[PDB]
């Protein structure tokens, strides 16, 4: 089995401009590509796990999401970062788009996406890390037995409740390799 870094996307990998779904509005956060490259070198699988309820809302389409996600995967590959998995949840129970209007067990704080990655990549969850900017990320992590729960400061303001549920709070994903080393 392998340890992993589970990664939210908006606010962790890219700047959260609100419902980001276009290549020209996708901005990698400073230092995160270098950090991802270092985390792979430290033995970790890298798995994106993202809630994308804007699809259920009709803020943008699944086609727009797929297009951006393919672009993002190639962009990282071209910079020597080969993501091991990419998981997303397009659902919302109040969704306007019928196809995605539902309750599910993949919408964080539900651990579904992390459990699916666990089984697909044979992940050692106790040895793994979840990195995000929201309470729901930390709650999905505790449910999935992720050993270390990490908040970053590059996304949504950290709430006391998110802080409570986290083990570590870092400035950004760029700080994670050094924090693990230490």
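Numbering follows the first chain given and starts at 1.
Among the modelled residues of its chain, residue 96 has a C-alpha B-factor that falls in the highest third according to the deposited record. Ranked by Cα temperature factor within the chain, residue 35 sits in the highest third according to the deposited record. Split the chain's modelled residues into thirds by C-alpha temperature factor. Residue 105 is in the highest one. In the deposited entry, the Cα temperature factor of residue 136 sits in the top third of values across the chain's modelled residues. Per the deposited record, the Cα B-factor of residue 149 falls in the middle third when ranked against the other modelled residues of its chain.
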